[PDB]
file data25.pdb (PDB, C-alpha atoms and all ligand atoms)
MODEL        1
ATOM      1  CA  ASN M   7      -7.547  23.052  -2.922
ATOM      2  CA  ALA M   8     -11.228  22.591  -3.212
ATOM      3  CA  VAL M   9     -10.926  18.901  -3.742
ATOM      4  CA  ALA M  10     -12.965  17.027  -1.209
ATOM      5  CA  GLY M  11     -11.037  14.514   0.770
ATOM      6  CA  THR M  12      -7.389  14.884   1.621
ATOM      7  CA  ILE M  13      -4.490  12.674   2.744
ATOM      8  CA  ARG M  14      -3.608  12.638   6.410
ATOM      9  CA  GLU M  15      -1.662  10.314   8.684
ATOM     10  CA  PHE M  16      -3.137   7.333  10.485
ATOM     11  CA  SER M  17      -4.252   7.582  14.075
ATOM     12  CA  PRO M  18      -5.004   4.702  16.463
ATOM     13  CA  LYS M  19      -8.361   6.427  16.470
ATOM     14  CA  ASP M  20      -9.064   5.208  12.860
ATOM     15  CA  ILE M  21      -8.381   1.546  13.534
ATOM     16  CA  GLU M  22     -11.948   0.155  13.129
ATOM     17  CA  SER M  23     -12.206   1.899   9.731
ATOM     18  CA  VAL M  24      -8.943   0.539   8.411
ATOM     19  CA  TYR M  25      -9.671  -2.888   9.921
ATOM     20  CA  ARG M  26     -12.957  -2.826   8.018
ATOM     21  CA  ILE M  27     -11.412  -1.861   4.660
ATOM     22  CA  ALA M  28      -8.766  -4.599   5.067
ATOM     23  CA  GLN M  29     -11.303  -7.341   5.897
ATOM     24  CA  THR M  30     -13.270  -6.451   2.785
ATOM     25  CA  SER M  31     -10.277  -5.965   0.390
ATOM     26  CA  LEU M  32      -7.533  -8.429   1.344
ATOM     27  CA  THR M  33      -7.745 -12.214   1.365
ATOM     28  CA  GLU M  34      -5.013 -12.480   3.984
ATOM     29  CA  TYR M  35      -6.364 -11.760   7.484
ATOM     30  CA  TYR M  36      -5.243  -8.812   9.652
ATOM     31  CA  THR M  37      -6.350  -8.420  13.221
ATOM     32  CA  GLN M  38      -6.789  -4.914  14.597
ATOM     33  CA  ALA M  39      -3.916  -5.259  17.066
ATOM     34  CA  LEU M  40      -1.508  -6.414  14.299
ATOM     35  CA  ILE M  41      -2.418  -3.403  12.132
ATOM     36  CA  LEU M  42      -1.993  -1.241  15.240
ATOM     37  CA  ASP M  43       1.413  -2.903  15.573
ATOM     38  CA  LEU M  44       2.489  -2.354  11.924
ATOM     39  CA  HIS M  45       1.972   1.275  12.816
ATOM     40  CA  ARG M  46       4.684   1.391  15.388
ATOM     41  CA  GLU M  47       7.466   0.232  13.115
ATOM     42  CA  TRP M  48       7.250   3.062  10.539
ATOM     43  CA  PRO M  49       4.466   5.286  11.705
ATOM     44  CA  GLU M  50       4.947   8.193   9.412
ATOM     45  CA  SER M  51       4.239   5.983   6.452
ATOM     46  CA  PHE M  52       0.839   4.939   7.645
ATOM     47  CA  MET M  53      -1.436   7.338   5.857
ATOM     48  CA  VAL M  54      -5.115   7.481   5.170
ATOM     49  CA  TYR M  55      -7.259   9.165   2.550
ATOM     50  CA  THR M  56     -10.051  10.943   4.334
ATOM     51  CA  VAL M  57     -13.367  11.980   2.725
ATOM     52  CA  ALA M  58     -15.865  13.799   4.946
ATOM     53  CA  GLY M  59     -13.719  12.666   7.882
ATOM     54  CA  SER M  60     -14.116   8.992   6.886
ATOM     55  CA  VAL M  61     -11.124   6.892   6.010
ATOM     56  CA  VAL M  62     -11.762   5.492   2.580
ATOM     57  CA  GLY M  63      -8.309   4.056   2.079
ATOM     58  CA  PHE M  64      -4.885   3.630   3.598
ATOM     59  CA  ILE M  65      -1.330   2.574   2.826
ATOM     60  CA  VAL M  66       1.424   1.494   5.223
ATOM     61  CA  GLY M  67       5.070   0.636   4.857
ATOM     62  CA  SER M  68       8.250  -0.650   6.425
ATOM     63  CA  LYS M  69      11.935  -0.033   5.891
ATOM     64  CA  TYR M  70      13.108  -3.367   4.498
ATOM     65  CA  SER M  71      16.630  -2.103   4.198
ATOM     66  CA  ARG M  72      18.129   1.203   5.114
ATOM     67  CA  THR M  73      17.253   2.422   1.606
ATOM     68  CA  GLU M  74      14.633  -0.018   0.327
ATOM     69  CA  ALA M  75      11.097   0.587   1.559
ATOM     70  CA  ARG M  76       8.410  -2.118   1.485
ATOM     71  CA  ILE M  77       4.629  -1.799   1.232
ATOM     72  CA  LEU M  78       2.880  -3.884   3.891
ATOM     73  CA  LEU M  79      -0.757  -2.946   3.546
ATOM     74  CA  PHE M  80      -2.546  -1.144   0.768
ATOM     75  CA  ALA M  81      -6.320  -1.035   0.468
ATOM     76  CA  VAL M  82      -9.116   1.192  -0.797
ATOM     77  CA  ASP M  83     -12.784   0.946   0.023
ATOM     78  CA  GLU M  84     -14.885  -0.666  -2.765
ATOM     79  CA  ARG M  85     -17.292   2.214  -2.763
ATOM     80  CA  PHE M  86     -14.386   4.559  -3.526
ATOM     81  CA  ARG M  87     -12.281   2.325  -5.673
ATOM     82  CA  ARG M  88     -11.094   3.842  -8.909
ATOM     83  CA  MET M  89     -11.831   7.207  -7.463
ATOM     84  CA  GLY M  90      -8.101   7.510  -7.730
ATOM     85  CA  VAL M  91      -7.443   7.439  -3.977
ATOM     86  CA  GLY M  92      -4.791   4.722  -3.995
ATOM     87  CA  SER M  93      -2.977   6.871  -6.523
ATOM     88  CA  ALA M  94      -3.020   9.682  -3.954
ATOM     89  CA  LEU M  95      -1.547   7.338  -1.350
ATOM     90  CA  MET M  96       1.106   5.907  -3.668
ATOM     91  CA  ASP M  97       1.994   9.455  -4.793
ATOM     92  CA  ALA M  98       2.296  10.316  -1.105
ATOM     93  CA  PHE M  99       4.193   7.155  -0.166
ATOM     94  CA  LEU M 100       6.743   7.783  -2.913
ATOM     95  CA  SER M 101       7.082  11.428  -1.890
ATOM     96  CA  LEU M 102       7.921  10.246   1.637
ATOM     97  CA  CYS M 103      10.484   7.832   0.321
ATOM     98  CA  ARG M 104      11.972  10.659  -1.727
ATOM     99  CA  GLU M 105      12.116  12.623   1.483
ATOM    100  CA  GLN M 106      13.862   9.966   3.581
ATOM    101  CA  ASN M 107      16.218   8.875   0.865
ATOM    102  CA  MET M 108      14.667   5.503   0.286
ATOM    103  CA  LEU M 109      15.977   4.647  -3.142
ATOM    104  CA  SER M 110      13.631   1.836  -4.126
ATOM    105  CA  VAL M 111      10.388   0.206  -2.994
ATOM    106  CA  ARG M 112       9.203  -3.377  -3.029
ATOM    107  CA  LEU M 113       6.022  -5.232  -2.244
ATOM    108  CA  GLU M 114       4.401  -8.617  -2.426
ATOM    109  CA  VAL M 115       1.081  -9.190  -4.127
ATOM    110  CA  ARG M 116      -1.035 -12.239  -4.843
ATOM    111  CA  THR M 117      -0.517 -13.734  -8.291
ATOM    112  CA  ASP M 118      -4.208 -13.881  -9.125
ATOM    113  CA  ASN M 119      -4.649 -10.246  -8.207
ATOM    114  CA  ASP M 120      -4.701  -8.744 -11.646
ATOM    115  CA  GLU M 121      -6.434  -5.591 -10.569
ATOM    116  CA  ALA M 122      -3.581  -4.423  -8.351
ATOM    117  CA  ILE M 123      -0.791  -6.010 -10.392
ATOM    118  CA  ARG M 124      -1.778  -3.570 -13.129
ATOM    119  CA  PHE M 125      -2.169  -0.665 -10.698
ATOM    120  CA  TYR M 126       1.428  -1.145  -9.647
ATOM    121  CA  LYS M 127       2.555  -1.715 -13.263
ATOM    122  CA  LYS M 128       0.945   1.641 -14.010
ATOM    123  CA  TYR M 129       3.188   3.120 -11.325
ATOM    124  CA  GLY M 130       6.382   1.572 -12.715
ATOM    125  CA  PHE M 131       6.467  -1.614 -10.665
ATOM    126  CA  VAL M 132       7.815  -4.748 -12.266
ATOM    127  CA  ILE M 133       7.993  -8.398 -11.407
ATOM    128  CA  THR M 134      11.302  -9.711  -9.981
ATOM    129  CA  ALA M 135      10.422 -13.086  -8.476
ATOM    130  CA  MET M 136       7.528 -15.404  -7.677
ATOM    131  CA  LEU M 137       7.353 -16.523  -4.035
ATOM    132  CA  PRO M 138       6.183 -20.119  -3.698
ATOM    133  CA  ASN M 139       3.519 -20.883  -1.079
ATOM    134  CA  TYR M 140       3.872 -17.422   0.396
ATOM    135  CA  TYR M 141       0.391 -16.688   1.698
ATOM    136  CA  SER M 142      -1.259 -18.744   4.458
ATOM    137  CA  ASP M 143      -3.759 -20.368   2.069
ATOM    138  CA  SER M 144      -0.724 -21.773   0.116
ATOM    139  CA  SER M 145      -1.039 -19.624  -3.021
ATOM    140  CA  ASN M 146       1.974 -17.755  -4.373
ATOM    141  CA  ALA M 147       2.983 -14.093  -4.718
ATOM    142  CA  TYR M 148       4.835 -11.853  -7.135
ATOM    143  CA  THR M 149       7.475  -9.600  -5.596
ATOM    144  CA  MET M 150       7.274  -6.290  -7.371
ATOM    145  CA  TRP M 151       9.865  -3.503  -7.451
ATOM    146  CA  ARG M 152      10.952  -0.090  -8.798
ATOM    147  CA  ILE M 153      13.598   2.572  -8.186
ATOM    148  CA  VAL M 154      12.329   5.794  -6.724
ATOM    149  CA  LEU M 155      14.431   8.212  -8.901
ATOM    150  CA  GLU M 156      12.671   9.549 -12.064
ATOM    151  CA  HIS M 157      13.793  11.678 -15.077
ATOM    152  CA  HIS M 158      11.752  13.002 -18.098
ATOM    153  CA  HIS M 159      13.100  14.259 -21.497
TER     154      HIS M 159
HETATM  155  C1  LIG X 201       0.948  -4.916  -1.005
HETATM  156  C2  LIG X 201      -0.495  -5.117  -0.624
HETATM  157  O1  LIG X 201      -0.903  -4.730   0.468
HETATM  158  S1  LIG X 201      -1.546  -5.860  -1.718
HETATM  159  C3  LIG X 201      -2.643  -4.504  -2.027
HETATM  160  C4  LIG X 201      -4.100  -4.937  -1.991
HETATM  161  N1  LIG X 201      -4.760  -4.947  -3.284
HETATM  162  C5  LIG X 201      -6.020  -4.549  -3.486
HETATM  163  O2  LIG X 201      -6.659  -4.864  -4.470
HETATM  164  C6  LIG X 201      -6.691  -3.745  -2.406
HETATM  165  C7  LIG X 201      -8.015  -3.229  -2.913
HETATM  166  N2  LIG X 201      -7.909  -2.592  -4.214
HETATM  167  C8  LIG X 201      -7.240  -1.464  -4.377
HETATM  168  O3  LIG X 201      -6.774  -0.872  -3.411
HETATM  169  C9  LIG X 201      -7.052  -0.964  -5.797
HETATM  170  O4  LIG X 201      -5.743  -1.375  -6.219
HETATM  171  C10 LIG X 201      -7.197   0.567  -5.884
HETATM  172  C11 LIG X 201      -8.491   0.942  -5.160
HETATM  173  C12 LIG X 201      -5.925   1.144  -5.256
HETATM  174  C13 LIG X 201      -7.363   1.100  -7.302
HETATM  175  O5  LIG X 201      -8.350   2.128  -7.332
HETATM  176  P1  LIG X 201      -8.264   3.571  -6.602
HETATM  177  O6  LIG X 201      -7.051   3.700  -5.755
HETATM  178  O7  LIG X 201      -9.513   3.913  -5.821
HETATM  179  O8  LIG X 201      -8.178   4.533  -7.892
HETATM  180  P2  LIG X 201      -6.751   4.599  -8.584
HETATM  181  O9  LIG X 201      -6.245   6.001  -8.739
HETATM  182  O10 LIG X 201      -5.912   3.713  -7.741
HETATM  183  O11 LIG X 201      -6.804   3.839  -9.989
HETATM  184  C14 LIG X 201      -5.538   3.287 -10.324
HETATM  185  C15 LIG X 201      -5.141   3.401 -11.775
HETATM  186  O12 LIG X 201      -4.555   2.170 -12.196
HETATM  187  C16 LIG X 201      -5.333   1.563 -13.233
HETATM  188  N3  LIG X 201      -6.234   0.516 -12.685
HETATM  189  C17 LIG X 201      -6.882   0.503 -11.491
HETATM  190  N4  LIG X 201      -7.624  -0.619 -11.347
HETATM  191  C18 LIG X 201      -7.455  -1.336 -12.465
HETATM  192  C19 LIG X 201      -7.954  -2.617 -12.971
HETATM  193  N5  LIG X 201      -8.787  -3.337 -12.200
HETATM  194  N6  LIG X 201      -7.552  -3.029 -14.199
HETATM  195  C20 LIG X 201      -6.716  -2.300 -14.968
HETATM  196  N7  LIG X 201      -6.222  -1.110 -14.573
HETATM  197  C21 LIG X 201      -6.549  -0.592 -13.354
HETATM  198  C22 LIG X 201      -6.210   2.640 -13.833
HETATM  199  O13 LIG X 201      -5.639   3.159 -15.035
HETATM  200  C23 LIG X 201      -6.309   3.662 -12.706
HETATM  201  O14 LIG X 201      -6.186   5.003 -13.134
HETATM  202  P3  LIG X 201      -7.300   5.568 -14.108
HETATM  203  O15 LIG X 201      -8.261   4.409 -14.257
HETATM  204  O16 LIG X 201      -7.831   6.761 -13.356
HETATM  205  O17 LIG X 201      -6.447   5.874 -15.314
ENDMDL
END
call {"tool": "encode", "arguments": {"input": "data25.pdb", "output": "structure tokens"}}
result
Amino acid sequence: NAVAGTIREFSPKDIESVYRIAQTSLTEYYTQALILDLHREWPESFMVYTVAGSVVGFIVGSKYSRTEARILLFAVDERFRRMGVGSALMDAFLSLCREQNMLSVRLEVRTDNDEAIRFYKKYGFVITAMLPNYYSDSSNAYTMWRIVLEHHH
């Protein structure tokens, strides 16, 4: 309870913060209005990790299919990386999927991006395809995937 910094849900009021983290963490470009737009489609999934009322990371998703969710933007501020924030947000994203009966979740990541590729592999994600000339700068992308449902013995 005493942990400093909790997960809340994005507000149009946080845009400059998120727009700043995305500029400085993602090679693909995202205008503020586009991010504000990605909100509208699945707002409840746009969540931020807040630390002394400063957004230090955010995730945001769409419903690709009635039951498959997709992760559109995921980023955490350099100065807070490895804090374990993005694990908060993924934990939270998955919980929300569990809640709205989304049975699996996909995403697309750059191929070169080893740092994240692991992060997701830590969370159970796996590679299913490679998307040729996917990004605007003509590099490729791995599509990663996992079921939501978990069991331990
Ligand atoms: C779909 C899209 O939008 S693409 C997403 C954009 N990709 C990015 O790189 C955005 C900027 N970077 C990130 O957001 C990083 O992936 C982060 C910040 C989420 C990872 O760090 P944080 O969220 O602050 O801490 P987090 O709890 O996520 O650490 C993740 C865990 O995965 C593993 N991990 C994280 N980074 C790495 C790495 N570079 N190499 C190997 N393993 C790693 C670690 O085991 C770590 O847990 P532990 O080190 O505490 O055991």
call {"tool": "resolve_selection", "arguments": {"input": "data25.pdb", "expression": "the PyMOL selection byres (((chain M and resi 16-25) around 9) and not hetatm)", "output": "number ranges by chain"}}
result
M: 14-15, 26-30, 36-39, 41-42, 45, 49-54, 60-64, 81
call {"tool": "axis_aligned_box", "arguments": {"input": "data25.pdb", "around": "ligand LIG 201 (chain X)", "padding_each_side": "5 Å", "output": "AutoDock Vina command-line options"}}
result
--center_x -4.3 --center_y 0.5 --center_z -7.4 --size_x 20.5 --size_y 22.6 --size_z 25.8
call {"tool": "resolve_selection", "arguments": {"input": "data25.pdb", "expression": "the PyMOL selection byres (((not hetatm)) within 9 of (chain X and resi 201))", "output": "PyMOL selection string"}}
result
chain M and resi 27-28+30-33+62-66+76-96+112-116+119-129
call {"tool": "resolve_selection", "arguments": {"input": "data25.pdb", "expression": "the PyMOL selection byres (((chain M and resi 151) around 10) and not hetatm)", "output": "number ranges by chain"}}
result
M: 74-76, 110-114, 126-127, 130-135, 148-150, 152-154
call {"tool": "atom_distance", "arguments": {"input": "data25.pdb", "atom1": "CA of residue 146 in chain M", "atom2": "CA of residue 108 in chain M"}}
result
26.9 Å
call {"tool": "atom_distance", "arguments": {"input": "data25.pdb", "atom1": "CA of residue 138 in chain M", "atom2": "CA of residue 35 in chain M"}}
result
18.8 Å
call {"tool": "decode", "arguments": {"input": "data25.pdb", "residues": "range 29-46 of chain M", "atoms": "C-alpha atoms", "output": "PDB file, in the first residue's frame"}}
result
ATOM      1  CA  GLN M  29       9.173  10.632 -28.609  1.00  0.00           C
ATOM      2  CA  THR M  30      12.075   9.521 -26.445  1.00  0.00           C
ATOM      3  CA  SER M  31      11.316   5.732 -26.449  1.00  0.00           C
ATOM      4  CA  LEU M  32       9.834   4.784 -29.827  1.00  0.00           C
ATOM      5  CA  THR M  33      11.465   5.127 -33.233  1.00  0.00           C
ATOM      6  CA  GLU M  34       8.097   5.335 -34.966  1.00  0.00           C
ATOM      7  CA  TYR M  35       6.579   8.827 -34.646  1.00  0.00           C
ATOM      8  CA  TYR M  36       3.314   9.587 -32.801  1.00  0.00           C
ATOM      9  CA  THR M  37       1.717  12.987 -32.878  1.00  0.00           C
ATOM     10  CA  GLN M  38      -0.219  14.138 -29.827  1.00  0.00           C
ATOM     11  CA  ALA M  39      -3.559  14.146 -31.646  1.00  0.00           C
ATOM     12  CA  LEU M  40      -3.041  10.540 -32.878  1.00  0.00           C
ATOM     13  CA  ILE M  41      -2.280   9.346 -29.330  1.00  0.00           C
ATOM     14  CA  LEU M  42      -5.338  11.309 -28.187  1.00  0.00           C
ATOM     15  CA  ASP M  43      -7.206   9.419 -30.909  1.00  0.00           C
ATOM     16  CA  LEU M  44      -5.912   5.932 -29.941  1.00  0.00           C
ATOM     17  CA  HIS M  45      -7.546   6.762 -26.643  1.00  0.00           C
ATOM     18  CA  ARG M  46     -11.023   6.930 -28.009  1.00  0.00           C
TER      19      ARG M  46
END
